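> Have a look at this one before I ask anything.
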Amino acid sequence: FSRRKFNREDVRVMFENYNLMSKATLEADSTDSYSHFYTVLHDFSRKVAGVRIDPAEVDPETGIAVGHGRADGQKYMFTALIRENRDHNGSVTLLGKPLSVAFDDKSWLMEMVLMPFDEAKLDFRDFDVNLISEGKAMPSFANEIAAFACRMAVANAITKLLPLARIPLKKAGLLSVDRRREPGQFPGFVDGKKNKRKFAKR
Amino acid sequence: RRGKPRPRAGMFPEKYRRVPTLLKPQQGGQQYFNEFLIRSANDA
Amino acid sequence: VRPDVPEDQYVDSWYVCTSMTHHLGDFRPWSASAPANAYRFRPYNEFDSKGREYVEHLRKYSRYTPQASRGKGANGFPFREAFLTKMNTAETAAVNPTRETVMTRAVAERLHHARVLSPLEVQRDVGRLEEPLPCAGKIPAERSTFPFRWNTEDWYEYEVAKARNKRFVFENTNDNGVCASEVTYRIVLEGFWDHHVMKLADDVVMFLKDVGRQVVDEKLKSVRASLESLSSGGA
Amino acid sequence: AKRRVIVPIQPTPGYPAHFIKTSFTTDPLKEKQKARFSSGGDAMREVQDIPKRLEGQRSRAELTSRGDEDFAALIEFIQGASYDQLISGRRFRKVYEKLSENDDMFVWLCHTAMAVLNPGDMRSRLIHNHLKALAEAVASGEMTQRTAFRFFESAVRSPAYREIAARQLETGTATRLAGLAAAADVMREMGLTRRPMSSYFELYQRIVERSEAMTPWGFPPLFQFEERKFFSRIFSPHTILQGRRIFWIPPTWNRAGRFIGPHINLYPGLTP
Amino acid sequence: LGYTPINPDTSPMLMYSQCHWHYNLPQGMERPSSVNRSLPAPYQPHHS
Amino acid sequence: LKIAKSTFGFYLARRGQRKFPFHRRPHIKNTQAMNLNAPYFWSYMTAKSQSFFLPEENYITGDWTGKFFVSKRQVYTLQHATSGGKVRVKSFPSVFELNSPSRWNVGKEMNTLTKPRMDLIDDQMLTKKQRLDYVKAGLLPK
Amino acid sequence: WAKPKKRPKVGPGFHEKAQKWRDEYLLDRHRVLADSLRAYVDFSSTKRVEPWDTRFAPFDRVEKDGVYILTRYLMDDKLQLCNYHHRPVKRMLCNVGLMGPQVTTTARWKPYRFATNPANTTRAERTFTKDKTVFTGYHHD
RNA sequence: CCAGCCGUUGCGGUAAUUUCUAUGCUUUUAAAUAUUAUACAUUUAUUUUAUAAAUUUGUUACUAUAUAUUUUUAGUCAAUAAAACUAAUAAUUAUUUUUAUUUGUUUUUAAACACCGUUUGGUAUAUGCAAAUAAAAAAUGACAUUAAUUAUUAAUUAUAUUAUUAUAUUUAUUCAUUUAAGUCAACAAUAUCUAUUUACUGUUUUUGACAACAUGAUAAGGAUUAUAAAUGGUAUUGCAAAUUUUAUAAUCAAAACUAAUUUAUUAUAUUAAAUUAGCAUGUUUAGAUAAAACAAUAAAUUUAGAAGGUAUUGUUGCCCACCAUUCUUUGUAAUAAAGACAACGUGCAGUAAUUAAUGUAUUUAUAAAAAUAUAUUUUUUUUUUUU
């Protein structure tokens, strides 16, 4: 203990050993003057020697699972309602249009929305996924920085629908969220983003 | 302005220090591992 | 950096770049922010913030009738999506499962003596293959309801009319409902600090709950008086 | 060069006299120099290394039923994982001393037993008493370790001590399990630690770790004890505050130009 | 800190000092001021 | 200012080459008052409609002892050009008059009439420093 | 502070150089006006080079065929009356509507100061050497 | 920053506890002042005398084939190979060198390297003369009359390849704006028991916030403390709280550039209402030069950890000689010496300091100094225990 070889997870375990012992046990251990240390350090005394799967939270009525996705901090926010289209002719649609029209029939973007289905080995012909533009609404979503926000929004959606699909997704990062943020406005920089003004020496 | 030279790359912080460690590199195609372990178990 | 408690306790300090608790040095753990044994400390176990945001509407549209809108403002509007896709009976023509699908299943279900199962009902489980399919594994998929592929110009007309009709709430009604009333006073307190206005908006409640209960009670004492067998007053 | 003049400000019902004599200076040159700390009532004891001395009847009973100081420190720290507080190194640091009060003494015994070859028969009441007397001096700090050592080695042991050893001891070296028996026996006699096994342990545990380094036992006499240890236990300047920091002093606006707060998660992370 | 005096009704450093409330404390009402109803003054106007 | 060209030099600071919002540049410097674009000669620096009434400064409100000069927003009429009397407009250094009248001036406000930035500069008004800077410029060579 | 240092007096008797200079300049203002106004007007009465760019369709088509037919027959006298300035013709040509919307989208037109060249502007050196005495805003010729 | 002061560091820079004043005030009471006298070490001390010592001596080494770029950073230039052996080192600490002997200048190039110097000419190393650091002394300067000192070393001074991690990296550049003064105090009218109070009159002595000096005080600026929510600083930037003792300078409509500290719109379509920009077409072309690592996408030509300062908030630090007045002073050597001292001009000699410094010797010269020859470290370090 003095040599400090434990981590933060152990302190929680030592601590819950202390709360859990009754004051009667203290006076029952303060006799030895060593025994209560064995308990307050129970797990750590032995540790010197030696992917989450949540419950699926679907709507039992409509069979709809909801997930959320965010990229560029907040400038893009989409949520992906997903249900099982039993007739195998399901579709992915976005903002009242098939994924083609919103993404302007671009491959490198419409393919990103596809990964969460294939990554989990599932077939999207069964699944009916609509995406809702919660963030700052823009005319055309034809940029990957928005696609990933959708690629994540669909990823989180499948997990809520299907519990053990979180394993192949999390190992491939589609669930994990970027913390990248485009620099907010600032007057000092001439363009306002990252390029300062000019200064000439005399 | 700087008026001093440009610093090196290493002294600058990591260029993508925000993207999660899971994404660099993206371990894509986890679907196939179950297909490949089978055919490999087939030949073996 | 600051104790791991529900964030709403902290008040963004002024002139002192740190955080301070609106509770005077006391800290309520996450337990108080939820009911007994709540998954992930939610008021309800079933969904997250967004999952409880959009399941609201999908349940609110299931009861939408042309009356629910009249008199009520933006609240009266149905789910923007569930209602606009309905407005689109152009694509609504329910494309039956393709000739290939009904084939690939018929070959499966009969010829190869193999049942076909939908992905929800697929036992993705490696251990717990006795966990049932979700209780709605047989929900009917149609073109009108889901997804929400809607009409463009109408989608304007909805989103605009929503923005203008925010004020057109007629709350003074003759109903018997949680929002039926003859007069609706709204008091808008205004303090520089969130925790100020909250603790205040908590106070006036337990104030108006007192005077409101008593004052209305006297009229209720009057009303039952104005009716009974030898209690005339409505003579 | 037109040196400025600043009138000294008298004490005031707002200005305590001990404040202005400290918070103010008339000399304009001494302005704007630096932050000058000064301890107070309680945390002063730790930097001064003095407990509350026996002032009166209150202070006495404050120091009677103190109890097991070794455990209370381990409770103050371990509770850093409850909701109310976060783990603080300053509280952990408090433990290290509560455990290693008596290490200054414990280090000295691993020396006198396991580094003094041929101490003589430590079974002797004569020799053993020399230790208990000196063990009374390393602990309580009456004598520094180096002086304590040179007492034990040159303690008055025996007449013709060199010759009697020449019969039992050929190459000068001698056995330790006779010494370590008496060595561990001192802190049994002297009520050093509440835990009985701490004495025998930290003796036995310091030795075995020392039994591995090259030239295990002999120490260079310059470093034999604490002295002026062997048995032991780009943006960074201008971006010094922005990371996760604990503000032992919170920085006000006039101090930090554009810093808003350490708690503030500037660039967020989606947390379900 | 100058000739222009500090407006005591709008300054935090004053209003949120120790000699007044802080913005953290329960912020209730300090003391009810019954002036007009304990010792009331009569209406002697200057305008006839 | 570095060189207080009037009483308002001691107070206001240049604040660098500050970029004011459009049409909110503080000093009304109509150095582009007379920039003759012959096609737009009736629309440039004039009333945007040709059915407005004349500005106030072309008229006399009450019993005036007398104006030293009539303002520069006044518009020139034939009565102006034909009566020929001394008509003065404020400008540096002291005042400018329209001694030689013409009808090419009728209809345009006095802003478009005077030349604000007189080409002939004063080697007398500018110290050895500020003149030197004109020498390098070639506007006041040597 | 660079403490604001005074500028010296305006100089003795410069006022007389002012009332003089401003006046006889305002007299020069007349002739440059009178010259440029004529230049503008007499420009408007002359013919211009054709505003279209022959390189792009539908003006690559040979003079015999194509939109040159309607240019030669249905509106020929008109396009001479409008003096082939690039403002009216693109408005006249849009009125005939027998070529559809291909005025703006398909048909590309000469740049501005390339379309103010008068007829018989053979040498390309011309379009930049228009006189400097006239103040017109490059409508002149 | 002048007068003045002075035992003495040092003071005087328009807020002097240091001059001058006046006044008071202080004293331990034969006054101040100026001139003299008034006690080395010896146990260890670096610049100029030693002479208790074994020396002097030593004949070996290396040259022919054509055919034709080596050496240097760099042009000059130009046959190219080479010089190894052994002395001894044997008898007392002594007895008084003091005019004697002694300390790296060395014939012969018909011999080379080396070196200075160019078309090469030299010169190329103990046969004379030549004491000289290596206790013997008393505050630096200085010829032994000058100046009041001088000298000095351990604080401090960011990049020299050590065993979770990247600079090589585009996107830019012609930019300006300000006017024509005015503070010396307060006064219900409707619907509450009536006031003409309606039209409440009493004659005049000061000079900071200013156009001027007048203490404080928050900014710009990146360079070595996050892996499970942060990339902008204190030394300070015009108007701010104790120094006053010429003076109204403030936005109002219609108004004139000289200013370092600035995205201006570059060829399908182009002025609608408070007044708003006509000459600069010339190969997105000089030299200078500007700004990113943040929700995006460039992850390496490569890093803690040893080092110096004559400066002393420290390299924009000091210093140094020649080059003038001076003054002073002599032992009068081009063009006296020494000391003083602040100009201008010329460098930039020194602080490992732009080829390390110091010393000595020879030579060279605008001047600090430079080249060659030896010691040397008050220069920084690079480190095989028989292959």
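Just so we're on the same page: first chain in the structure tokens is A, next is B, and so on; residues restart at 1 for each chain, and ligands are numbered from 1 in the order they show up.
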Could you list, as a PyMOL selection string, every residue of chain A that has an atom within 10 Å of an atom of chain D, counting only C-alpha atoms?
chain A and resi 1-4+8-19+30+32-37+40-41+68-74+176-183
> Dump C-alpha atoms for the selected residues as an mmCIF file, in the first residue's frame?

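Final output, saved to again_4.cif:
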data_model
loop_
_atom_site.group_PDB
_atom_site.id
_atom_site.type_symbol
_atom_site.label_atom_id
_atom_site.label_comp_id
_atom_site.auth_asym_id
_atom_site.auth_seq_id
_atom_site.Cartn_x
_atom_site.Cartn_y
_atom_site.Cartn_z
ATOM 1 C CA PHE A 1 0.000 0.000 0.000
ATOM 2 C CA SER A 2 2.768 2.442 0.884
ATOM 3 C CA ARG A 3 4.526 1.530 -2.361
ATOM 4 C CA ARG A 4 1.374 2.683 -4.210
ATOM 5 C CA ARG A 8 -8.678 3.877 -8.657
ATOM 6 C CA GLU A 9 -10.807 0.759 -9.083
ATOM 7 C CA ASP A 10 -9.286 -0.767 -5.955
ATOM 8 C CA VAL A 11 -9.969 2.240 -3.721
ATOM 9 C CA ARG A 12 -13.660 1.759 -4.466
ATOM 10 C CA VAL A 13 -13.285 -1.882 -3.432
ATOM 11 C CA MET A 14 -11.391 -1.105 -0.233
ATOM 12 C CA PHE A 15 -13.905 1.622 0.584
ATOM 13 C CA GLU A 16 -16.943 -0.620 0.172
ATOM 14 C CA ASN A 17 -15.191 -3.007 2.538
ATOM 15 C CA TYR A 18 -15.058 -0.287 5.187
ATOM 16 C CA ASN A 19 -18.670 0.875 4.965
ATOM 17 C CA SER A 30 -9.334 -3.609 17.265
ATOM 18 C CA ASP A 32 -5.942 -7.842 17.323
ATOM 19 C CA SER A 33 -4.968 -4.288 16.272
ATOM 20 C CA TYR A 34 -4.196 -5.841 12.862
ATOM 21 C CA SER A 35 -7.325 -7.743 11.856
ATOM 22 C CA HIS A 36 -9.438 -4.817 10.644
ATOM 23 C CA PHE A 37 -6.642 -3.767 8.293
ATOM 24 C CA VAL A 40 -10.348 -2.775 4.901
ATOM 25 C CA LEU A 41 -7.594 -4.050 2.593
ATOM 26 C CA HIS A 68 -28.609 9.324 -31.142
ATOM 27 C CA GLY A 69 -25.551 10.511 -33.045
ATOM 28 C CA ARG A 70 -23.473 13.694 -32.869
ATOM 29 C CA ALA A 71 -20.490 14.947 -34.861
ATOM 30 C CA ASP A 72 -18.693 18.301 -35.131
ATOM 31 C CA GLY A 73 -19.726 18.716 -31.494
ATOM 32 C CA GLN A 74 -23.289 19.873 -32.131
ATOM 33 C CA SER A 176 -17.626 5.383 -30.297
ATOM 34 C CA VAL A 177 -18.162 9.117 -30.683
ATOM 35 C CA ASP A 178 -15.709 11.698 -31.984
ATOM 36 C CA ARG A 179 -14.869 14.637 -29.761
ATOM 37 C CA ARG A 180 -13.633 16.667 -32.719
ATOM 38 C CA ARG A 181 -15.045 20.180 -32.874
ATOM 39 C CA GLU A 182 -14.568 22.786 -35.559
ATOM 40 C CA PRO A 183 -13.249 25.962 -33.896
#
> With chain C as the partner and 10 Å as the cut-off, tabulate the residues of chain E that qualify, each row holding the nearest pair of atoms and their distance in Å to one decimal, using only C-alpha atoms, sorted by chain and rising number, as CSV.

residue,atom,partner,partner_atom,distance
E:12,CA,C:14,CA,8.9
E:13,CA,C:15,CA,8.9
E:16,CA,C:14,CA,9.7
E:23,CA,C:193,CA,7.7
E:24,CA,C:22,CA,5.2
E:25,CA,C:24,CA,6.6
E:26,CA,C:199,CA,8.2
E:27,CA,C:196,CA,7.5
E:28,CA,C:200,CA,8.8
> Kindly determine which residues of chain G lie within 8 Å of chain H, considering only C-alpha atoms (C1' of nucleotides), and give the answer as a PDB file with N, CA, C and O atoms, in the first residue's frame.

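What ended up in part_32.pdb:
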ATOM      1  N   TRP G   1       1.447  57.017 -24.690  1.00  0.00           N
ATOM      2  CA  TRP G   1       1.008  57.986 -25.691  1.00  0.00           C
ATOM      3  C   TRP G   1       2.106  58.674 -26.482  1.00  0.00           C
ATOM      4  O   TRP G   1       3.041  59.252 -25.927  1.00  0.00           O
ATOM      5  N   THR G 104     -29.257  32.633 -71.595  1.00  0.00           N
ATOM      6  CA  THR G 104     -28.407  32.756 -70.416  1.00  0.00           C
ATOM      7  C   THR G 104     -27.620  31.483 -70.148  1.00  0.00           C
ATOM      8  O   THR G 104     -26.408  31.536 -69.917  1.00  0.00           O
ATOM      9  N   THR G 105     -28.290  30.334 -70.168  1.00  0.00           N
ATOM     10  CA  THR G 105     -27.662  29.073 -69.794  1.00  0.00           C
ATOM     11  C   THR G 105     -26.657  28.608 -70.841  1.00  0.00           C
ATOM     12  O   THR G 105     -25.466  28.462 -70.548  1.00  0.00           O
ATOM     13  N   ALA G 107     -25.966  30.003 -74.225  1.00  0.00           N
ATOM     14  CA  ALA G 107     -25.200  31.032 -74.914  1.00  0.00           C
ATOM     15  C   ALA G 107     -24.345  31.826 -73.940  1.00  0.00           C
ATOM     16  O   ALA G 107     -24.857  32.500 -73.044  1.00  0.00           O
ATOM     17  N   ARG G 108     -23.035  31.750 -74.128  1.00  0.00           N
ATOM     18  CA  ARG G 108     -22.091  32.532 -73.349  1.00  0.00           C
ATOM     19  C   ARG G 108     -21.816  33.836 -74.082  1.00  0.00           C
ATOM     20  O   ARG G 108     -21.799  33.871 -75.316  1.00  0.00           O
ATOM     21  N   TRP G 109     -21.614  34.905 -73.325  1.00  0.00           N
ATOM     22  CA  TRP G 109     -21.504  36.237 -73.894  1.00  0.00           C
ATOM     23  C   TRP G 109     -20.155  36.854 -73.559  1.00  0.00           C
ATOM     24  O   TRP G 109     -19.499  36.464 -72.591  1.00  0.00           O
ATOM     25  N   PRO G 111     -17.220  39.247 -72.236  1.00  0.00           N
ATOM     26  CA  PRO G 111     -17.076  40.054 -71.022  1.00  0.00           C
ATOM     27  C   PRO G 111     -17.506  41.489 -71.270  1.00  0.00           C
ATOM     28  O   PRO G 111     -17.695  41.915 -72.411  1.00  0.00           O
ATOM     29  N   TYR G 112     -17.657  42.239 -70.181  1.00  0.00           N
ATOM     30  CA  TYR G 112     -18.264  43.561 -70.284  1.00  0.00           C
ATOM     31  C   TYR G 112     -17.476  44.471 -71.218  1.00  0.00           C
ATOM     32  O   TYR G 112     -17.976  44.877 -72.272  1.00  0.00           O
ATOM     33  N   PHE G 128      -8.498  48.118 -74.436  1.00  0.00           N
ATOM     34  CA  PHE G 128      -7.862  48.663 -73.243  1.00  0.00           C
ATOM     35  C   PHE G 128      -7.417  50.111 -73.401  1.00  0.00           C
ATOM     36  O   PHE G 128      -7.168  50.774 -72.389  1.00  0.00           O
ATOM     37  N   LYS G 132      -8.516  58.475 -71.788  1.00  0.00           N
ATOM     38  CA  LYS G 132      -8.458  58.710 -70.354  1.00  0.00           C
ATOM     39  C   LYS G 132      -9.016  60.067 -69.950  1.00  0.00           C
ATOM     40  O   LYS G 132      -9.342  60.264 -68.776  1.00  0.00           O
ATOM     41  N   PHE G 135     -14.496  60.864 -68.226  1.00  0.00           N
ATOM     42  CA  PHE G 135     -14.886  60.160 -67.005  1.00  0.00           C
ATOM     43  C   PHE G 135     -16.297  59.621 -67.212  1.00  0.00           C
ATOM     44  O   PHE G 135     -17.291  60.345 -67.153  1.00  0.00           O
ATOM     45  N   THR G 136     -16.384  58.314 -67.467  1.00  0.00           N
ATOM     46  CA  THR G 136     -17.647  57.699 -67.858  1.00  0.00           C
ATOM     47  C   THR G 136     -17.947  56.420 -67.085  1.00  0.00           C
ATOM     48  O   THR G 136     -19.102  55.992 -67.021  1.00  0.00           O
ATOM     49  N   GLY G 137     -16.943  55.809 -66.471  1.00  0.00           N
ATOM     50  CA  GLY G 137     -17.165  54.493 -65.913  1.00  0.00           C
ATOM     51  C   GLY G 137     -17.178  53.406 -66.960  1.00  0.00           C
ATOM     52  O   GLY G 137     -17.884  52.406 -66.804  1.00  0.00           O
ATOM     53  N   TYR G 138     -16.420  53.587 -68.036  1.00  0.00           N
ATOM     54  CA  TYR G 138     -16.163  52.620 -69.094  1.00  0.00           C
ATOM     55  C   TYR G 138     -17.415  52.291 -69.892  1.00  0.00           C
ATOM     56  O   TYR G 138     -17.453  51.243 -70.541  1.00  0.00           O
TER      57      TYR G 138
END
> What's the separation between atom CA of residue E:1 and atom CA of residue D:250, in Å to one decimal place?
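Calculated distance between atom CA of residue E:1 and atom CA of residue D:250 is 23.3 Å.
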> Could you give me the residues within chain F that DSSP places in strand (DSSP E), as a PyMOL selection string?
chain F and resi 3-4+88-89+96-97
> Keeping only N, CA and C atoms, write the selected residues as a JSON list (two decimals), in the first residue's frame.

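Okay, result-v9.json is ready:
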[["chain", "number", "residue", "atom", "x", "y", "z"],
["F", 3, "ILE", "N", -0.92, 63.54, -35.02],
["F", 3, "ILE", "CA", -0.86, 64.94, -35.42],
["F", 3, "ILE", "C", -2.27, 65.52, -35.29],
["F", 4, "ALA", "N", -2.49, 66.31, -34.25],
["F", 4, "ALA", "CA", -3.83, 66.82, -33.96],
["F", 4, "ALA", "C", -4.19, 67.89, -34.98],
["F", 88, "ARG", "N", -21.12, 81.05, -50.39],
["F", 88, "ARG", "CA", -19.95, 80.51, -49.71],
["F", 88, "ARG", "C", -20.24, 79.10, -49.24],
["F", 89, "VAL", "N", -19.22, 78.24, -49.30],
["F", 89, "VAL", "CA", -19.30, 76.89, -48.76],
["F", 89, "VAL", "C", -18.08, 76.65, -47.88],
["F", 96, "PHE", "N", -14.89, 78.67, -49.28],
["F", 96, "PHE", "CA", -14.85, 78.71, -50.73],
["F", 96, "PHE", "C", -16.11, 79.39, -51.24],
["F", 97, "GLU", "N", -15.95, 80.23, -52.26],
["F", 97, "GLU", "CA", -17.07, 80.93, -52.88],
["F", 97, "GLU", "C", -17.18, 80.55, -54.34]]
> Quote the spacing between atom CA of residue B:26 and atom CA of residue A:172 in Å to one decimal place.
6.1 Å
> What residues in chain F get the DSSP label helix (DSSP H, G or I)? Please answer as a list in words.
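Taking chain F and keeping helix (DSSP H, G or I) only, one gets residues 7, 8, 9, 38, 39, 40, 56, 57, 58, 78, 79, 80, 81, 82, 83, 110, 111, 112, 113, 128, 129, 130, 131, 132, 133, 134, 135, 136 and 137 of chain F.
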> What gap, in Å, lies between atom CA of residue D:156 and atom CA of residue D:131?
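Taking atom CA of residue D:156 and atom CA of residue D:131, their separation equals 12.0 Å.
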> Applying 8 Å and only C-alpha atoms (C1' of nucleotides), which residues near stretch 11-18 of chain B remain after dropping the ones on its own chain fewer than 3 positions away? List them as a list in words.
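That gives residues 178, 179 and 180 of chain A; 7 and 8 of chain B; 234 of chain D; 166, 167, 223, 224, 293 and 299 of chain H.
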> Which neighbours of stretch 126-129 of chain A fall inside 6 Å, counting only C-alpha atoms (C1' of nucleotides), when residues of the same chain fewer than 5 positions from it are skipped, and could you give them as a list in words?
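What passes the distance filter is residues 81, 82, 83, 84, 85, 88, 90, 91 and 92 of chain A.
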> Can those selected residues be exported to a file as a JSON list (two decimals), in the first residue's frame so that it contains N, CA, C and O atoms?

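See again.json below for the written result:
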[["chain", "number", "residue", "atom", "x", "y", "z"],
["A", 81, "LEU", "N", -34.58, 6.10, -35.95],
["A", 81, "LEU", "CA", -35.65, 5.16, -35.66],
["A", 81, "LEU", "C", -35.49, 3.94, -36.56],
["A", 81, "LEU", "O", -35.29, 4.07, -37.76],
["A", 82, "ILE", "N", -35.56, 2.76, -35.96],
["A", 82, "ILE", "CA", -35.29, 1.51, -36.65],
["A", 82, "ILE", "C", -36.31, 0.47, -36.23],
["A", 82, "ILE", "O", -36.55, 0.27, -35.03],
["A", 83, "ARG", "N", -36.92, -0.19, -37.21],
["A", 83, "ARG", "CA", -37.85, -1.27, -36.96],
["A", 83, "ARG", "C", -37.58, -2.38, -37.97],
["A", 83, "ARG", "O", -36.93, -2.17, -38.99],
["A", 84, "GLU", "N", -38.08, -3.56, -37.66],
["A", 84, "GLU", "CA", -37.88, -4.72, -38.51],
["A", 84, "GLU", "C", -38.98, -4.80, -39.56],
["A", 84, "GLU", "O", -40.10, -5.21, -39.26],
["A", 85, "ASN", "N", -38.65, -4.40, -40.79],
["A", 85, "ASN", "CA", -39.57, -4.53, -41.91],
["A", 85, "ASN", "C", -39.62, -5.99, -42.31],
["A", 85, "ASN", "O", -38.68, -6.51, -42.93],
["A", 88, "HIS", "N", -39.11, -7.78, -46.01],
["A", 88, "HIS", "CA", -37.79, -7.86, -46.63],
["A", 88, "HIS", "C", -37.55, -6.75, -47.64],
["A", 88, "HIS", "O", -36.46, -6.67, -48.21],
["A", 90, "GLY", "N", -37.77, -3.48, -46.79],
["A", 90, "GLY", "CA", -37.57, -2.27, -46.03],
["A", 90, "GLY", "C", -36.62, -1.32, -46.72],
["A", 90, "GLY", "O", -35.92, -1.66, -47.68],
["A", 91, "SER", "N", -36.58, -0.09, -46.21],
["A", 91, "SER", "CA", -35.77, 0.95, -46.82],
["A", 91, "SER", "C", -35.18, 1.83, -45.73],
["A", 91, "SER", "O", -35.71, 1.93, -44.63],
["A", 92, "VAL", "N", -34.06, 2.46, -46.06],
["A", 92, "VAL", "CA", -33.48, 3.51, -45.24],
["A", 92, "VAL", "C", -33.82, 4.84, -45.90],
["A", 92, "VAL", "O", -33.54, 5.04, -47.09]]
> I want to know what sits within 12 Å of residue H:14, based on only C-alpha atoms (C1' of nucleotides), with residues of the same chain fewer than 5 positions away left out; could you give that as a count of residues only?
6
> Would you mind listing, as a PyMOL selection string, all residues of chain F that have at least one atom within 6 Å of chain H, where only C-alpha atoms (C1' of nucleotides) are what counts?
chain F and resi 7+17+27-28+32+73+92+116-117
